[PDB]
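Participant: curious how this folds, go ahead:
(2 chains, ligands or ions: 1)
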Amino acid sequence: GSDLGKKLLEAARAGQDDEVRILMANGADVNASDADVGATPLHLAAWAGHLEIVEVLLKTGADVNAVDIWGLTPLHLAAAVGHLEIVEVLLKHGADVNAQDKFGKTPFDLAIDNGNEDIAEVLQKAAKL
Amino acid sequence: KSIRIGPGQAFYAXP
Ligand SMILES: [Ca+2]
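Facilitator: Numbers count the residues shown, from 1 in each chain, chains lettered A, B, ... in the order given. Provided below are the atomic coordinates:
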């Protein structure tokens, strides 16, 4: 019952989707943020490639455009690692294709730099609106 | 570790 936000961060990173659902049923803050770097459960689930967890967090009110101490959003992270279906779900839920990290880099820039050309094309088309 | 993400790798990596 204690420290549910830290527990939710860990469960999201680790892919523990049943535990995510349990923690949220017991009141865990979907917008919990790491005390040192500001990352949220959605950041971790997007980076780590856990689509079900991404969808659970969005449905319970996670801020799709939350930023961490490096200016990274969940969309940056999914675009860098190269999770196309997560990119698509984040965009459908209002992810900001124009968001810049602390170095000026968009999710598109990270997709380009990581050889994720299919995602980069999705992001370029979304930036035209 | 292969993912090019910048200084934030210290928290996220992972790959
Ligand atoms: Ca590739």
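
Participant: now do the spatially most central residue of chain A against residue A:37, distance only.
Facilitator: Nearest to the mean C-alpha position of chain A, by CA atoms, centre = their mean, lies residue A:74 at 2.7 Å. Distance, residue A:74 to residue A:37, by CB to CB, to the nearest Å: 14 Å. C-beta coordinates here come from the backbone N, C-alpha and C atoms, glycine included.

Participant: excluding chain neighbours, what is closest to the residue of chain A found nearest chain B?
Facilitator: Closest to chain B within chain A is residue A:70: 4.1 Å, counting by CB to the nearest CB. Take residue A:70 and drop its neighbours on the chain: the residue closest to it by CB to CB, 6 or more residues apart in numbering or on different chains is residue B:8, 4.1 Å away.

Participant: residue contacts, the one you found?
Facilitator: A:37, A:68-70, A:72 (CB atoms under 8 Å, 6 or more residues apart in numbering or on different chains).

Participant: among these, name the buried ones.
Facilitator: Taking 16 or more other CB atoms under 10 Å in any protein chain shown as the criterion, what is buried in the contacts of residue B:8 is A:68, A:70, A:72.

Participant: before we move on, back to that, is the residue of chain A closest to chain B in contact with residue B:10, as I believe?
Facilitator: No - with contacts counted by CB atoms under 8 Å, residue A:70 stays clear of residue B:10, the gap being 9.4 Å.

Participant: list the contacts of residue 6.
Facilitator: By default, I'm working from chain A. residue A:32.

Participant: think we crossed wires, I meant chain B
Facilitator: A:70, A:101, A:103, A:105.

Participant: what sits against residue A:45?
Facilitator: Taking CB under 8 Å, 6+ apart, we find residue A:45 in contact with A:12-13, A:53-54, A:57, A:74.

Participant: how about JSON lines for these, with secondary structure added?
Facilitator: Listed next are the contacts of residue A:45 as JSON lines, based on DSSP: H, G, I helix; E, B strand; the rest coil:
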{"residue": "A:12", "secondary structure": "helix"}
{"residue": "A:13", "secondary structure": "helix"}
{"residue": "A:53", "secondary structure": "helix"}
{"residue": "A:54", "secondary structure": "helix"}
{"residue": "A:57", "secondary structure": "helix"}
{"residue": "A:74", "secondary structure": "helix"}
